[PDB]
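Shown here is one chain on its own, the form deposited in one PDB entry, set out as structure tokens.
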């Protein structure tokens, strides 16, 4: 009940694998009556982990570590795994039963309607395939998860209704539909047909500030919307940015991979300093991400063209040809301390929107998709 005090169901030490730096560390966990699963560095006598076990899927495994268990949940259209280890099979069973008990207490379109044309991405949890709806001839990206990912029928129905309720957010790939077969969960989403921004930057080598400002503005707008609904994108990078047919930005939702890395040696991804430090991270990682993308757009290369050390300790250098305002924007977005970073304060995207670099931007025209694009992608077929 909501009026009742939140109470501890089960508590104790667990070994947990890091989210981004995939290394084992001992943590003290409290499973709460409201579904919070809260992790501290030491036993309380400021939590480092806090997520919900509501709607989760629990699995036993013996490899790599014996007495390992995985809490898997679906976050929007993306599988999130959290991996834990205890010292015996009996201890694991007690944890799994506790977690499951708490999760229990809180409780036509087919695949033959599509032509399957081309692979768009793959990863450990499934694949994204370019599809054509047969009856309409309209193209979509179908993100198909592997059979191992079991999700409840009420949870998929919730995501479909919640996608429909939110229909102004023009620069995100909209979820069109989601459905289950006998075995698999499929998400039908919009496909941007203007190509990869990674490709366009490679083709052109570098963008002008004007063009970079245009794409930056659209990203800033998209991030303002997500952050206003308490959503961190986490993966702002060139590979996750596409253009639609008109040349406007689409941020993608094609994640199928496990997050993170074994250690700092095996990274090239520019994770936020606070992520690398293994600290409290939040919405400020997206402003870092924007910093790195805009640096790439305007300079034609990543900041450190040893990367763990360089991100933590070394200052990002600017070409002399960058304007003072561009230099200032990038310096602000690439501050190592997320409290000092442009966008890291209470006003969030407003700080970025008010920066000298963006003074020519009409932000009403941005969100209404009314700023005219400086580049129109060449008109391709959908398969090409």
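Numbering follows the first chain given and starts at 1. Rigid core (definition): largest C-alpha set, two forms, superposition within 1.5 Å.
Here the subject shifts to the form deposited in another entry, a form of this protein not shown in this document.
| message | To test your reading of the superposition: with the rigid core aligned, which of 321, 61, 340, 347 moves its Cα by 2 angstroms or more between this form and the one not shown? | response | Going through each option, the one that shifts is 61.
| said: Quick check: residue 246 between this form and the one not shown - does its CA shift reach 2 Å or more after fitting the rigid core? | reply: Moves: no, less than 2 Å.
| Do you see a C-alpha shift of 2 Å or more at residue 10 between this form and the one not shown, with the core held fixed? | Where the cores coincide, residue 10 still shows a C-alpha shift between this form and the one not shown that is 2 Å or more.
| message | My question is whether residue 188 is one of the residues whose C-alpha shifts by 2 Å or more between this form and the one not shown, given a fit on the rigid core. | response | Not so; residue 188 is displaced by less than 2 Å.
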